[PDB]
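Below is one structure, written out as C-alpha cells, with a few remarks after it.
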Amino acid sequence: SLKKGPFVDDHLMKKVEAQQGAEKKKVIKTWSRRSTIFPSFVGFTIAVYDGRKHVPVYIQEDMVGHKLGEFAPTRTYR
Amino acid sequence: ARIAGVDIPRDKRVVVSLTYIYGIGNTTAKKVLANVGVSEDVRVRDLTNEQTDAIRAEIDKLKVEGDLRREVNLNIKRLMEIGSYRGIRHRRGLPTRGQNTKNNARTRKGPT
Amino acid sequence: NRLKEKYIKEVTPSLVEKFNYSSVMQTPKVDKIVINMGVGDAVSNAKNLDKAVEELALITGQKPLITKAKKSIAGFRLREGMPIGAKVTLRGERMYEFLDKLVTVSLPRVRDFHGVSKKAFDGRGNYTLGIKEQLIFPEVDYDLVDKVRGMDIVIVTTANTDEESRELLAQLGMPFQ
Amino acid sequence: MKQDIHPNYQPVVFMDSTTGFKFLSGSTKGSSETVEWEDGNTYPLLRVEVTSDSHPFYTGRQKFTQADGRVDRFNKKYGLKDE
RNA sequence: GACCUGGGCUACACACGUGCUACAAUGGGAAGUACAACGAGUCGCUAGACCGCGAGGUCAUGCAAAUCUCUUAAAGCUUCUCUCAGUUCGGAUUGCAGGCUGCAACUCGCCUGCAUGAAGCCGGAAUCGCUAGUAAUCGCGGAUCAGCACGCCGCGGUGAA
C-alpha cells in the first residue's frame with residue numbers, strides 16, 4: 001500500500017551495507033519494527049527487539065517479503 | 001466428466017452453472033460467454049456440441065482448475081514454515097488485521 | 001484387438017532384445033486380471049451389493065461372483081456364509097479391451113494425477129492399481145451411482161523379477177511417474 | 001461364456017475432440033453414428049473429453065500453467081523498481 | 001519527580017449485557033423513472049472535463065456564502081429474468097493484486113477487484129419496548145476528528161393494529 005516504493009530506515013541500511021565487502025558480523029541489534037526486507041539482506045543475522053529483548057534471527061530467501069516485526073511476537077501466550 | 005475438469009450440473013441455466021466449477025466466480029462466466037457470444041439458453045441448458053468445445057477452449061486459458069487449491073495450499077505452506085506469526089496463528093486462525101478475539105471463533109470452530 | 005497386434009508386433013522383439021532370451025517362449029506375458037469390490041457393509045446392510053454387482057456388470061462385461069465370509073469375527077460382526085465381496089476374472093481379448101480402456105480413457109479421468117505408484121513389485125511382478133472412486137469410467141453416470149466404492153485390480157504376468165514387468169507394462173501404457 | 005447371465009456389450013467406437021481413436025469396445029450404446037469399415041460398424045457415442053492427450057501426461061507434461069515466478073515477485077515487482 | 005525508543009491497554013479453554021447483518025418470493029438480479037429536511041465549508045467543499053471496471057489519479061473551475069459545493073436522497077413507481085432449492089438467499093472467513101492519509105500501517109487503519117464461499121430455512125424456560133405521524137421500516141447530516149462509526153447527537157420519507 002506504498003506503491004511509491006518500499007521503506008527501511010536508514011539507521012539500518014547503512015548498518016547492513018557496511019558488511020557487503022567482507023563477511024558479516026553475527027550481530028545487528030536494532031529496533032526492528034518498521035522495516036520490510038530487501039534483497040540485500042539475505043544471509044545476515046539481525047537481532048529483533050520486542051520492546052523487552054532483542055531476538056537474534058538469521059535471514060533466508062523467501063523470508064524477504066514482509067516487515068521485520070513478524071518474528072518477535074510481543075504476546076507470549078502459554 | 002463433466003465438461004470442464006469436473007462438476008457441471010444438468011437442467012440449469014448456463015452462466016450460473018459455469019460458476020459452479022471451483023475457481024470461477026461470476027465475472028469469469030460472463031466474460032467467457034462474451035468471448036464466445038452467447039446468452040442464457042435458457043433455463044434448462046441445451047448447448048450444442050460446438051459451443052461446448054468453444055467454452056472448453058476459452059476456459060483452458062485460466063489458472064482456475066480443480067488445482068487452484070494446490071497453489072493456495074503451497075502459499076499458506078510457505079507462510080507457516082518460515083517465521084511466522086501469520087503462519088503460527090494460521091495454525092490457529094487469525095487474519096491480516098486481527099479482531100481482538102473474544103468472540104472470533106464462532107465462525108472457525110464452534111467454540112461453545 | 002489392436003493390442004494383440006501391437007503386442008506381437010512390437011513388444012516381443014523389443015523385450016527379446018532387452019534381455020536376450022535363448023527362446024522367444026521365454027517371454028513375460030500378461031495372464032489374467034481379477035477385480036475385487038469389497039462391500040464390507042452387507043453384514044450391516046445387505047442392500048449395497050445389490051448395486052455393487054450392477055456397477056460391476058457395467059464396468060466389466062460379465063456379472064461378478066459373490067464371495068462368502070469363510071470365518072466369524074465379532075468386532076466386525078461377521079458370520080460365515082455372509083457375503084462381503086464380489087469379483088470377476090478377465091481373460092482372452094476382453095483383457096486387452098479393458099486394459100486399453102484403463103490406459104486410454106479411464107485413468108486420465110482422475111483428478112490431480114501423477115501416474116501410478118512405482119511400487120507394486122511383490123518381488124514377483126503382479127502389479128495392482130487401487131482406485132478410490134468408481135465414477136471414473138464413462139460406463140457410469142452421475143445420477144445413477146450413489147456411492148464411492150472401489151476395486152482392487154490384480155494384474156498378473158509371467159515375469160519373475162519386477163524390472164521386466166515394469167518395462168513391459170511401460171510398452172503397454174501404464175503412465176508411471 | 002454362458003447364457004442369459006451376461007449383460008450387453010458391443011465394440012463401440014471411442015472418440016474425442018481429436019484423435020479419432022476409434023477402436024475399442026464398451027457397454028453403453030444408443031444412436032448409431034459410425035457404421036464404417038476401418039473400425040467396428042458401431043457408435044461414437046463415446047465422446048470422452050480425454051484423448052489420453054488432454055491431461056498433458058501421455059503427451060508428456062507441458063507448461064500448461066506457471067506457477068513458476070515467485071522469485072521475481074520481490075525481484076521484479078519492486079525489482080523492476082530495483083534497477 | 002523527569003527525558004526517549006520499543007511494546008501494552010486490541011491478549012482467549014470460557015460466562016453475560018447491549019447492538020448490526022440474516023435464515024428470501026412483499027424476494028434475488030438487470031434496465032428505465034420522480035419527491036425532502038437539518039446543517040458543514042479557506043488550506044477546506046469540489047464544478048467541469050480526461051484516464052482506470054474500482055477504491056481513485058490529472059488539469060483546471062467557484063466558494064469565507066439564500067449565489068458556489070457536500071448533494072439528482074433511499075425505500076418508492078414500470079418492465080424482463082430467476083422457481084422454493086442452504087438455492088443466483090447468507091457473505092462470515094481466507095489467497096492474490098491494488099488505493100488513501102500517514103516519517104511509519106506485522107503487532108494495530110479504512111476501502112477496492114478477483115478468487116474461495118461458514119453457520120445459518122424465524123429461535124425454550126424466560127423477557128423487553130410501544131397509545132400516533134407513535135410503533136415498524138429507509139435514507140440524509142455532524143460532533144470529536146491527517147486518517148478510521150453497526151456508536152452518539154439531529155433531520156426527514158413511507159405509514160398500521
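Letters A, B, ... go to the chains of the C-alpha cells in the order shown; residues in each chain start at 1; ligands are counted from 1 in the same order.
Selected on chain A by distance to chain D: residues 3, 4, 5, 6, 37, 38, 39, 61, 62, 64 and 65 of chain A (within 10 Å, counting only C-alpha atoms).
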Please provide the set of residues having any atom within 9 Å of residue B:33, restricted to only C-alpha atoms (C1' of nucleotides), with same-chain residues fewer than 5 positions apart removed, written as a ChimeraX atom specification. /B:15,28,38-39,55,58
Write out, as a tab-separated table, each residue of chain A that has an atom at most 6 Å from chain E, together with the closest pair of atoms and their distance in Å to one decimal, counting only C-alpha atoms (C1' of nucleotides), rows going by chain and rising number.
```
residue	atom	partner	partner_atom	distance
A:51	CA	E:6	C1'	4.0
A:69	CA	E:106	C1'	5.5
A:70	CA	E:106	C1'	5.0
```
Residues within 12 Å of residue E:78, only C-alpha atoms (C1' of nucleotides), excluding chain neighbours under 3 positions, as a PyMOL selection string: chain E and resi 31-33
Based on the selection just made, write N, CA and C atoms (P, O5', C5', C4', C3', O3' and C1' of nucleotides) of those residues as a PDB file, in the first residue's frame.
```
ATOM      1  P     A E  31     -28.106  -2.458 -14.790  1.00  0.00           P
ATOM      2  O5'   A E  31     -29.367  -1.959 -15.617  1.00  0.00           O
ATOM      3  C5'   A E  31     -29.319  -1.910 -17.031  1.00  0.00           C
ATOM      4  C4'   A E  31     -30.663  -1.579 -17.621  1.00  0.00           C
ATOM      5  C3'   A E  31     -31.253  -0.237 -17.232  1.00  0.00           C
ATOM      6  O3'   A E  31     -30.706   0.846 -17.953  1.00  0.00           O
ATOM      7  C1'   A E  31     -32.906  -1.899 -17.047  1.00  0.00           C
ATOM      8  P     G E  32     -30.497   2.254 -17.216  1.00  0.00           P
ATOM      9  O5'   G E  32     -31.968   2.848 -17.083  1.00  0.00           O
ATOM     10  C5'   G E  32     -32.371   3.957 -17.872  1.00  0.00           C
ATOM     11  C4'   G E  32     -33.863   3.979 -18.070  1.00  0.00           C
ATOM     12  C3'   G E  32     -34.627   4.996 -17.241  1.00  0.00           C
ATOM     13  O3'   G E  32     -34.625   6.285 -17.827  1.00  0.00           O
ATOM     14  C1'   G E  32     -35.682   2.891 -17.074  1.00  0.00           C
ATOM     15  P     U E  33     -34.182   7.562 -16.964  1.00  0.00           P
ATOM     16  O5'   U E  33     -35.457   7.884 -16.058  1.00  0.00           O
ATOM     17  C5'   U E  33     -36.694   8.268 -16.643  1.00  0.00           C
ATOM     18  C4'   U E  33     -37.846   8.079 -15.687  1.00  0.00           C
ATOM     19  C3'   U E  33     -37.744   8.829 -14.368  1.00  0.00           C
ATOM     20  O3'   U E  33     -38.198  10.166 -14.471  1.00  0.00           O
ATOM     21  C1'   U E  33     -38.312   6.576 -13.950  1.00  0.00           C
TER      22        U E  33
END
```
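For the choices D:76, D:47, D:63, D:55, the atom-to-atom distance to residue D:16 is smallest for D:47 when using only C-alpha atoms.
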Please determine the contact residues of chain C with respect to chain D at a cut-off of 7 Å, counting only C-alpha atoms, and supply them as an MDAnalysis selection string. chainID C and resid 57:58 61:63 97 104:105 108 139 175
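Around residue E:138, within 10 Å and counting only C-alpha atoms (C1' of nucleotides), the residues found are residues 74, 75, 76, 157 and 158 of chain E, once anything fewer than 2 positions away on its own chain is removed.
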Counting only C-alpha atoms, which residues in chain A sit no more than 9 Å from stretch 84-89 of chain B? For each one, give the nearest pair of atoms and the distance in Å, sorted by chain then residue number, as JSON lines.
```
{"residue": "A:70", "atom": "CA", "partner": "B:85", "partner_atom": "CA", "distance": 6.0}
{"residue": "A:71", "atom": "CA", "partner": "B:84", "partner_atom": "CA", "distance": 6.3}
{"residue": "A:72", "atom": "CA", "partner": "B:85", "partner_atom": "CA", "distance": 8.5}
{"residue": "A:73", "atom": "CA", "partner": "B:85", "partner_atom": "CA", "distance": 7.1}
```
Given the selection you just returned, output its residues as a file containing N, CA, C and O atoms, formatted as an mmCIF file, in the first residue's frame.
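The resulting file, out_8.cif, is shown below:
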```cif
data_model
loop_
_atom_site.group_PDB
_atom_site.id
_atom_site.type_symbol
_atom_site.label_atom_id
_atom_site.label_comp_id
_atom_site.auth_asym_id
_atom_site.auth_seq_id
_atom_site.Cartn_x
_atom_site.Cartn_y
_atom_site.Cartn_z
ATOM 1 N N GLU A 70 7.457 -9.292 12.266
ATOM 2 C CA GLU A 70 6.641 -10.505 12.284
ATOM 3 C C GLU A 70 7.425 -11.714 12.750
ATOM 4 O O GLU A 70 7.159 -12.838 12.330
ATOM 5 N N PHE A 71 8.404 -11.515 13.615
ATOM 6 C CA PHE A 71 9.194 -12.639 14.094
ATOM 7 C C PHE A 71 9.452 -12.617 15.583
ATOM 8 O O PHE A 71 9.750 -13.671 16.151
ATOM 9 N N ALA A 72 9.351 -11.473 16.234
ATOM 10 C CA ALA A 72 9.412 -11.403 17.681
ATOM 11 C C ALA A 72 8.044 -10.989 18.193
ATOM 12 O O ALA A 72 7.800 -9.805 18.450
ATOM 13 N N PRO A 73 7.128 -11.932 18.341
ATOM 14 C CA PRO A 73 5.783 -11.576 18.783
ATOM 15 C C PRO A 73 5.806 -11.131 20.230
ATOM 16 O O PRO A 73 6.418 -11.773 21.084
#
```
Output as number ranges by chain the set of chain E residues within 9 Å of chain B, with distances taken over only C-alpha atoms (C1' of nucleotides). E: 10-14, 82, 88, 92-95, 106, 108, 114-116, 118-119
If the cut-off is 9 Å, can you tell me the residues of chain D near chain B, counting only C-alpha atoms? I'd like them as a compact mmCIF listing (two decimals) with N, CA, C and O atoms, in the first residue's frame.
```txt
# COMPACT_ATOMS: atom_id res chain seq x y z
N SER D 17 -12.60 -34.86 -28.85
CA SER D 17 -12.43 -33.63 -29.61
C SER D 17 -11.31 -33.75 -30.63
O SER D 17 -11.17 -32.86 -31.48
N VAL D 48 -15.71 -39.08 -25.02
CA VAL D 48 -14.92 -38.71 -23.85
C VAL D 48 -14.05 -37.50 -24.18
O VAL D 48 -13.60 -37.34 -25.32
N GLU D 49 -13.84 -36.64 -23.20
CA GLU D 49 -13.08 -35.42 -23.38
C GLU D 49 -11.60 -35.60 -23.09
O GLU D 49 -10.88 -34.60 -22.99
N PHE D 64 1.49 -26.06 -19.19
CA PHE D 64 0.12 -25.57 -19.28
C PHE D 64 -0.11 -24.35 -18.40
O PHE D 64 -0.83 -23.43 -18.79
N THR D 65 0.52 -24.32 -17.23
CA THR D 65 0.39 -23.18 -16.33
C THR D 65 1.71 -22.96 -15.59
O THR D 65 2.42 -23.91 -15.28
N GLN D 66 2.02 -21.69 -15.35
CA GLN D 66 3.12 -21.28 -14.48
C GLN D 66 2.67 -20.02 -13.75
O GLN D 66 2.36 -19.02 -14.41
N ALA D 67 2.62 -20.02 -12.40
CA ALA D 67 3.04 -21.05 -11.44
C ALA D 67 4.52 -21.40 -11.54
O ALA D 67 4.92 -22.55 -11.40
```
